[PDB]
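Undergrad:
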Ligand code: HEM
Ligand SMILES: N/N=c1\cc[nH]c2ccccc12
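In the deposited numbering, the protein residues as written are 4 to 292.
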């Protein structure tokens, strides 16, 4: 099973920068969503969940086919709440109907990370919409109630190593949990991309509690929370070393996150040797917009 990148006909960097800009302008405009968090974090989670269905063993799933647009995937319990990000993107797609679904969903995550002052994430075009019968079954995205061994094994299926896993999880500085979506109730909401996930893990006084959905989570007196899978990064000695590294080196975290997140979004895709180089989009701020 091979998925070859195919550039949308006649398109180049400037076309995609226009889509980036439309997403970024709408992020700025629709600021009230989710108690003024805005749509940045849910777009990051959307890009990760359309990519995190990938299976390295048979190349099923992943971002290429844009299959989150189909009912089976759209209605995955693991994806509860991402419909908000889909609705955000719908007018963007209407404005730029030439772009594929997979390219739009992944570009949404890149735009959100950069506009929230995160690292630049190089991004490649060419994902191609595939038919409904290529939609992966539910159950490929990870459980939150598990431990470090579960996290490590889970991410092997996405071809991610310990360093990549710990860097990707730093996205849990963003947004919040919602009891109605996932059975975890949130605290510590944020919409600026920093390494504070790692600082909070190491510096907060955590207490294991049972929430109103009967699930366990780690709560701090400051109002932050950690999933059991988050907290497992300081229970496992190999993860703990990397958590300490990122807590003490913002630039290293940004660089490692950028690589891992681009990789995540490109897993499963074969890029022709003549394909364009990855694009690095300017932020609105860099453009004076
Ligand atoms: C073991 C791996 C992971 C688990 C178990 C997990 C689990 C969860 C859960 C339960 C939520 C709360 C959803 C809600 O209630 O709305 C959440 C939110 C979120 N996750 Fe993860 N996640 C994992 C990895 C990742 C990765 C790899 C990324 C991206 C690089 C990511 C990005 C996000 C973001 C940005 C949010 C906030 C969404 C919002 O505010 O609407 N997560 N995650
Ligand atoms: N303090 N806990 C979080 C804050 C923002 N986003 C998250 C996403 C997943 C798990 C925990 C958090």
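Think of the CB as a built atom: it goes at the ideal place given N, C-alpha and C, for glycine as much as any other residue.
1. Name the two residues that bound the continuous beta strand (DSSP E) containing residue 123.
2. Using the Cβ count rule (16 or more neighbours within 10 Å means buried), how would you classify residue 281?
3. Could you tell me the alpha carbon to alpha carbon distance between residue 11 and residue 107, rounded to whole angstroms?
4. Taking the Cβ atom as the reference point for each residue, do residue 88 and residue 42 lie within a distance shorter than 8 Å?
5. Curious, which full-length alpha helix (DSSP H) runs of at least 4 residues does the segment 237 to 285 contain?
6. For the beta strand (DSSP E) containing residue 223, list its first residue and its last residue.
7. With a threshold of 6 Å on Cβ separation, who are the neighbours of residue 213 within its own chain once the five nearest residues in sequence on each side are excluded?
8. Alpha carbon to alpha carbon, how far is residue 77 from residue 25?
9. Is residue 184 near ligand 2, in the sense that its beta carbon is under 7 Å from a heavy atom of that ligand?
10. How about residue 229: is its Cβ closer than 7 Å to a heavy atom in ligand 1?
11. For ligand 1, I want to know if residue 146 counts as a neighbour, meaning its beta carbon is within less than 7 Å of at least one of the ligand's heavy atoms.
12. I'd like the span of the beta strand (DSSP E) that includes residue 212, first residue to last.
13. Quick check: is any heavy atom of ligand 1 less than 7 Å from the C-beta of residue 180?
14. Is the beta carbon of residue 41 within less than 7 Å of some heavy atom of ligand 4?
15. Using beta-carbon positions only, say whether residue 160 and residue 58 come within less than 8 Å of one another.
16. Taking DSSP as the reference, what is the three-state secondary structure of residue 52?
17. Spatial neighbours of residue 99 within its chain, please: CB distance less than 6 Å, with the 5 preceding and 5 following residues excluded, ordered by chain position.
18. Per the DSSP calculation, residue 69 is bridged to which residue(s)?
19. For residue 237, which of 40, 56, 209, 118 has the nearest alpha-carbon?
20. Output the boundary residues of the alpha helix (DSSP H) element that contains residue 88.
21. Sort 127, 113, 165 by Cα distance to residue 121 and report the nearest one.
22. Check whether the Cβ of residue 197 lies closer than 7 Å to any heavy atom of ligand 1, and answer yes or no.
23. Starting from the C-beta of residue 245, find all residues in its chain whose C-beta is less than 7 Å away, skip the five residues before and the five after it, and write them out in chain order.
24. So does residue 174 have its beta carbon nearer than 7 Å to some heavy atom of ligand 1?
TA: According to the structure data:
1. Here residue 123 corresponds to residue number 120 of the chain shown, with the count starting at 1. Element bounds for residue 123: n/a, residue is neither H nor E.
2. In the chain shown, the residue the question calls residue 281 occupies position 278. Exposed, because fewer than 16 other Cβ atoms sit within 10 Å of the Cβ of residue 281.
3. To locate residue 11, count along the chain shown from 1; it is residue 8. To locate residue 107, count along the chain shown from 1; it is residue 104. Each residue's alpha carbon lies about 12 Å from the other.
4. For the purposes of this step, residue 88 is taken as residue 85 along the chain shown, with counting starting at 1. For the purposes of this step, residue 42 is taken as residue 39 along the chain shown, with counting starting at 1. Contact check for residue 88 against residue 42 passes: the beta carbons are separated by less than 8 Å.
5. Within the segment 237 to 285, the complete alpha helix (DSSP H) segments of 4 residues or longer fall at 240 to 250, 253 to 269, listed in chain order.
6. Translated into the one-based positions of the chain shown, residue 223 becomes position 220. Taken as a continuous stretch (DSSP letters only), the beta strand (DSSP E) holding residue 223 covers 219 to 223.
7. Here residue 213 is taken as the residue at index 210 of the chain shown, counted from 1. The residues are 219.
8. In the chain shown, counting from the first residue as 1, residue 77 sits at position 74. In the chain shown, counting from the first residue as 1, residue 25 sits at position 22. Each residue's alpha carbon lies about 24 Å from the other.
9. Against the chain shown, residue 184 aligns to sequence position 181. Distances between the C-beta of residue 184 and the heavy atoms of ligand 2 are all 7 Å or more.
10. Here residue 229 is taken as the residue at index 226 of the chain shown, counted from 1. Incorrect: residue 229 has no Cβ contact closer than 7 Å to ligand 1.
11. In the chain shown, the residue the question calls residue 146 occupies position 143. True, at least one ligand heavy atom lies under 7 Å from that Cβ.
12. To locate residue 212, count along the chain shown from 1; it is residue 209. Taken as a continuous stretch (DSSP letters only), the beta strand (DSSP E) holding residue 212 covers 209 to 213.
13. Position 177 of the chain shown, counted from the start, is the residue given in the question as residue 180. Yes, Cβ of residue 180 sits closer than 7 Å to a heavy atom of ligand 1.
14. Although ligand 4 was asked about, the structure shown includes only ligand 1 and ligand 2 as ligands.
15. As a first step, residue 160 is located in the chain shown; it is residue number 157 there, counting from the start. As a first step, residue 58 is located in the chain shown; it is residue number 55 there, counting from the start. Yes, the pair counts as a contact, with Cβ atoms nearer than the cut-off.
16. Indexing the chain shown from 1 puts residue 52 at position 49. In the structure shown, residue 52 sits in a helix (DSSP, three-state: H, G or I).
17. Reading the chain shown from its first residue, position 96 is the one you call residue 99. Contacts found: 22.
18. On the chain shown, residue 69 is found 66 positions in, with the first residue counted as 1. When DSSP reads this structure, residue 69 sits in no beta bridge, so it has no partner.
19. The residue labelled residue 237 in the question sits at position 234 within the chain shown. Nearest of 40, 56, 209, 118 to residue 237, Cα basis: 209.
20. Here the question's residue 88 lines up with position 85 in the chain shown. Unbroken alpha helix (DSSP H) run through residue 88: 86 to 98.
21. Your numbering for residue 121 matches position 118 in the chain shown. Of the candidates 127, 113, 165, the one whose C-alpha sits nearest the C-alpha of residue 121 is 113.
22. Within the chain shown, the letter at position 194 stands for residue 197. For residue 197, the shortest C-beta to heavy atom distance toward ligand 1 is 7 Å or greater.
23. By one-based count along the chain shown, residue 245 stands at place 242. Excluding five sequence positions before and after residue 245, the CB atoms of its chain that fall closer than 7 Å to its own CB belong to 165, 166, 169, given in chain order.
24. Start at 1 with the first residue of the chain shown, and residue 174 comes out as number 171. For ligand 1, at least one heavy atom lies less than 7 Å from the Cβ of residue 174.
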